[PDB]
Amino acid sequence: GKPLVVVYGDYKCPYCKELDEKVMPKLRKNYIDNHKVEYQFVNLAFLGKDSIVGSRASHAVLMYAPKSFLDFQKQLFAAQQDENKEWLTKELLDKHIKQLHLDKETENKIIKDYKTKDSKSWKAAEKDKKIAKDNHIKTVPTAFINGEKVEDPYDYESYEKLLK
């Protein structure tokens, strides 16, 4: 079927922020938004106790407002602070969710889901760490297309090469 592009990372990882900045704009316009590939972000949530919280919110946005997901990712990476700070607080995440300007009830649904223990967004966040584990993902950021490694994950043309 459609090629599958997987990017492993963490919202607190600085290099992952670089990837988002250099790659996503082009990959999104050309392959993701026109539905040419399935895009998946697996969050290792390994840079602090707030990492997993950021991941839950991200998964709630993805499941309830998929068409706003890439904007959310881009905007959250842009607000990245020192990785030693637990900057991914509920106040910041709620602020980011509301910036998506979604309809009030979806907004509330997303905000309540990621804060609710064992919710679908809660579970998705935990599963991400297991996926990275079972796939033996050592460092981040790393990207694969149908299980094939992207030679230079910071270069759009490198993904493009695997998709041509």
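Numbers follow the displayed sequence, beginning with 1.
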Checklist entry - Got a sec? Mean C-alpha B-factor, which is higher, 45-53 or 133-141? => result 133-141
Item to check | Third of the chain's Cα B-factor distribution that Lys112 belongs to, per the entry | outcome: lowest
Checklist outcome for this item: By the entry's values, the third containing the CA B factor of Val61 is the lowest
Checklist outcome for this item: Temperature factor at the Cα of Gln73, chain-ranked in thirds, falls in the lowest
Checklist entry - Lowest, middle or highest third of the chain for the C-alpha temperature factor of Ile32? => result lowest
Next on the checklist: Taking only the Cα B-factors deposited for this chain, tell me whether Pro153 sits in the lowest, middle or highest third.
Outcome noted: lowest
